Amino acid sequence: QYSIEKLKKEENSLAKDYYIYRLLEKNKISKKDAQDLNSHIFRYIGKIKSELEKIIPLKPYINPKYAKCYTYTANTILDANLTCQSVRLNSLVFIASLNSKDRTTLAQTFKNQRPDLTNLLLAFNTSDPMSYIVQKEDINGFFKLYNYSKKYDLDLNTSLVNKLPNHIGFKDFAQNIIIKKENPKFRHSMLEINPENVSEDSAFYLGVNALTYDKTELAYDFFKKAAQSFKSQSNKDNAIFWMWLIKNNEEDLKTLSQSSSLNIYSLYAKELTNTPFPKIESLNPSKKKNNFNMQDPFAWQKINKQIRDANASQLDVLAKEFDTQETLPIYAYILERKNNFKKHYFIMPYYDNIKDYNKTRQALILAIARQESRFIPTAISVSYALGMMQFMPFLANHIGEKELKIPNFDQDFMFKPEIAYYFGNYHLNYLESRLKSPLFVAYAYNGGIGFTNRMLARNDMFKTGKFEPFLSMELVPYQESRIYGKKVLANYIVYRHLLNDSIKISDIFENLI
């Protein structure tokens, strides 16, 4: 392994973070090594933060200007100057902590300048603050209360619900309560939001909301508004698909069958309309090799930043440089960006390691690897998932040390295609044998089998129903996994096709119920 001094000479990157983390967790960083260190951390969040602050806990940070203001409590707040008073009253917990006499006083003080404060102050002098804020139609206060406690739930009138989307907090709020199935009175009130007043994801989610109460008309209008406003074509297609499912206008399905975006919805539309399968590019570079060390994590991280920080002209220079068999995953990575994501790249690198698996298992492996890494051997994620199949270190060690007992096993073996594909196959077997559907497998690869089993046990998920299974696909409670499923499923269809082992996507959907 590389020492801390040798890491310090490399550019900040997720690779460097990973390796610093690995020293940390094996307790190989002294208090003296850890001094100048958070100048060397590319992204100072998560576990590397936790770990480095067990050595050097951070004193900061409260602004030197308001330092005075954090020396008062709910007992001494009326002794605070007027700035200090207003600063501390940013916290709804602080306000809750005050007694009701002090709230009445402070509320008189602020009714002129800060009636936002006044309203919250007076709100916490009632048994139900939300109800007070709702009656005042204080939008800022509504969201402060929502962030403070998710437990307030109350019917909102048309006037008020239509003001809510104007606030930055609305999107997360709506997605939260609709996916989690919380705040039933909020959700029911959101049926009266005018579609004119929302766009993009908010409008999409309000469409899902409307379906759950069997309000198909409002749902369509919500989905329509989502389709017209969405930035990405994939999302636009998701919304058009619903537009069609609800009303069945063939204009909508045709638009969807003709989409440039390859996704489960455009694939399904093409199947229903007898539209041919989309053009999949074919990359067979003659040249066999170049310099590039495909096993070097640091080399990838630098070439990666070059590919993001590159004008459409610098890309052509990289494309030609990496036009080899050895660097085929990079070639395709560059190409994908270069042609502005209009062409469809579905490579099959390191094929010898999977050619003996049945074709259906091959497709799943490839589908997962495409989404997880675009087949970059030394790919590292923000949570330090490793290699082409993006194994979390816990699971990689459990498999390699305990289950497959590989000799001299290190987790950096996940950077090896032969290992990635083999551990991938192993883990996929465990999941397929319990879940069957490759969609369900995909949810569990990403978010674990506990989460997936909890979801399938539910009465209202992946059961029979008017809009099933598409509705349940919209209600998978982890956003990361909800998206991952859709994408891996589309990769699966495509890879089964390229492997001369086609399946109708409608068959996939029937076996979800």
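Note that the rigid core is defined as the largest set of C-alphas that superpose within 1.5 Å between two forms. One-based numbering along the sequence shown.
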item: Stretch farther from the shown model on average in 9 other deposited structures of this protein, with CA RMS computed after core superposition (37 to 45, 483 to 491); value: 37 to 45
item: RMS Cα shift after core superposition in 9 other deposited structures of this protein, winner of 173 to 181 and 311 to 319; value: 311 to 319
item: Mean Cα B-factor comparison, 320 to 328 or 230 to 238, giving the higher one as deposited; value: 320 to 328
item: Between the two ranges 462 to 470 and 34 to 42, the one averaging a larger CA B factor in the entry; value: 34 to 42
item: Top residue by Cα temperature factor, when 270, 225, 434, 370 are compared in the entry; value: 434
item: C-alpha B-factor winner, where the candidates are 427, 163, 187, 289; value: 289
item: For residue 50, the third of its chain into which the C-alpha B factor falls; value: highest
item: Third assignment of residue 479 from its chain's C-alpha B-factors; value: middle
item: Residue 115 by Cα B-factor - lowest, middle or highest third of the modelled chain; value: highest
item: Lowest, middle or highest third - CA B-factor, residue 377; value: lowest
item: Chain-wide C-alpha B factor ranking for residue 393, given as lowest, middle or highest third; value: highest
